[PDB]
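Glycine also receives a Cβ, built like all others from the backbone with ideal geometry; neighbour counts cover every protein chain displayed. A short reminder: the numbers here are calculations on the coordinates, not readings from a lab.
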Number of protein chains: 2
Amino acid sequence: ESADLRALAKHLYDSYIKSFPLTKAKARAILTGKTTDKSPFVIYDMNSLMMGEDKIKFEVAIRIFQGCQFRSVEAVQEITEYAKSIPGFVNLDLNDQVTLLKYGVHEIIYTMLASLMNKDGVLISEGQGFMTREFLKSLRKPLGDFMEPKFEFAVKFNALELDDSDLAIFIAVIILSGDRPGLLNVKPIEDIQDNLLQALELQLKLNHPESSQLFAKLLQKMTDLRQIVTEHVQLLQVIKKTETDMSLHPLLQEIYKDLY
Amino acid sequence: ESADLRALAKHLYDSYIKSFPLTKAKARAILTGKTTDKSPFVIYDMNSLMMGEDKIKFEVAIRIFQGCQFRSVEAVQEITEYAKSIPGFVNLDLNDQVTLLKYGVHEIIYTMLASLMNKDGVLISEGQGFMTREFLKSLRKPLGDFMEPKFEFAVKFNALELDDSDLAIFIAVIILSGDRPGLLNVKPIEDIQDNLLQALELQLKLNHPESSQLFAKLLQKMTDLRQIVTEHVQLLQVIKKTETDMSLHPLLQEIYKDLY
Ligand SMILES: O=C(O)[C@H](Cc1ccccc1)Oc1ccc(-c2ccccc2)cc1
Ligand SMILES: O=C(O)[C@H](Cc1ccccc1)Oc1ccc(-c2ccccc2)cc1
């Protein structure tokens, strides 16, 4: 039933657009900067970082880690809004909604971060700035280990050349994964996901004449994301046990884990 | 040894001032607004909230809860910086530093929030605005329950009339509490705290001729703070189990608890 699968595709796209201010279209407009309006400021050394403070909405590694922490609090609200717009979702068991969002959230953060990334760096500060990969690599040891797996993921992911209409569906599919630990009622989740998968396959055929095997490749990427989440959690766990400077400890995370 | 206890008092005061941008002196200057420069905008109904968006750095209840979430990520860094400045602290076992900060942090957030509060409301947005207690009480049910215990604590706490020099020591004493669960080496912590307690008693005698029993009253307040943290955690735990709107779930907290 393809009228329905198309209507669902559009519905997903319109909520994505409402929920997520910084889209792939916006990010690529800057990176393909014909639109010189927002030609981004390039932070490529300590010098240009220092100059860039007087023209962006801002130990450099600590700043960056806290930047990630702040971004997570914002991203959760965006993702939660979008999740609620997925037909069927708010009708699920309250505990399953929680479970699905809990595991979906970081997988989606990295999916969307890739929109801002290429092999040379990442857009920062609502696209105002471009921070160089080699600049990041030159910083304090833990920073680099954190970013490089994400870059590597993003280079392979971006070579699939998805647009925002593609991403809306992919992201919904991720949320509606019926194999999350602790799920109570798996069949209704699988039902919604099966229908989302068909909507995704059809969308990819329509939007991509320049490639085949895009659907399969994309489903492999949902597995890769689970690995990236896991490596990330584990780097943080090494820091928690071994880092001697308390300002480099996550810590808010250690508090919510143990006290809350 | 009172030259030392005074030098320590000053050392603590200077780091407090470096670590914490918004002080009690600043907050009281606004609330005793002879300095009309920053006479705060009063959000006292929905109408004045709506007008106040066009003159402050900003469902209203969700905005407020996320505001608290953002503030926590900022506060942890301030508090960690200050903790490191307390003589003896960075020489403790790494695990004990972690433990002390983990339990100290929320107790200090509420201690300092009181600086912004009176029985009629709370300073918001770096003191730019004053949000009314009765306005908060009129909002969505969970909001009110969250704030009222903090107001009640803050009214009794503020009636002790401490200044920033007093607070610096009190806060250090809190961090250096030797009864936190999981501490490895308790005696060195107790040693530093005993000396901080003397510095605190002497400070209070010198700074407060208009009251006696201030030291005792203040130590009772360290126990009260533990209750406020506990009630807070428990309200969040009720929301996690019973709230049907996912946008009203903490959730970042649920993710760090279960996945990290
Ligand atoms: O785990 C998370 O929620 C975020 C996820 C994220 C990763 C990259 C961009 C945006 C978000 O990653 C973090 C990385 C480092 C830290 C952190 C913060 C302070 C001190 C040390 C590490 C916190 C979160
Ligand atoms: O627990 C915390 O870290 C903060 C503590 C805090 C409380 C008042 C002012 C500043 C900080 O309190 C929160 C209160 C509500 C929420 C929250 C966020 C989103 C959805 C529901 C609740 C998060 C934190």
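List of remarks:
- The trypsin sites (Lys or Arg not before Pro) of the stretch B:182-260 include none that meets both criteria, a DSSP state outside H, G, I, E and B (loop) and at most 13 other C-beta atoms within 10 angstrom of the site's C-beta.
- For B:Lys10, inter-copy label distances in nm, listed shortest first [label point 7 Å out on the Cα-Cβ vector]: 7.4
- Student exercise, chain A dipole from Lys, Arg, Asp, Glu Cβ charges, in Debye to nearest 20: 400 debye
- In the protein assembly as shown, the calculated helix contribution to ellipticity at 222 nm averages -21000 deg cm²/dmol per residue, counting -39,500 (n - 2.57) for every DSSP H run with n ≥ 4.
- For B:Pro87, the label point sits 7 Å beyond Cα toward Cβ; its separations from the matching points on the remaining copies run 7.0 nm, from shortest to longest.
- Once both labels are positioned 7 Å from their Cα atoms along Cα-to-Cβ, the gap between A:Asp258 and B:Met50 label points is 4.8 nm.
- Using the Cβ-Cβ distance between A:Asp191 and B:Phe58 with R0 = 30 Å, the FRET efficiency computed as 1/(1 + (r/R0)^6) comes to roughly 0.15.
- Remark: mean inter-chain Cβ contacts per residue of B:241-251 equal 5, using a 10 Å Cβ-Cβ cutoff to other protein chain atoms.
- Gained length - B:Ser125 relative to B:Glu81, 0.36 nm times residue gap less alpha-carbon distance: 13.7 nm
- Distance from the stretch B:190-225 to the stretch A:151-194 (C-alpha centre basis), Å: 56 Å
- Taken as Cα centroids, the stretch B:108-125 and the stretch B:46-69 sit 16 Å apart, rounded to the nearest whole angstrom.
- Radius 11 Å from Cβ of B:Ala25, net charge of other residues (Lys, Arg +1; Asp, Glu -1): +1
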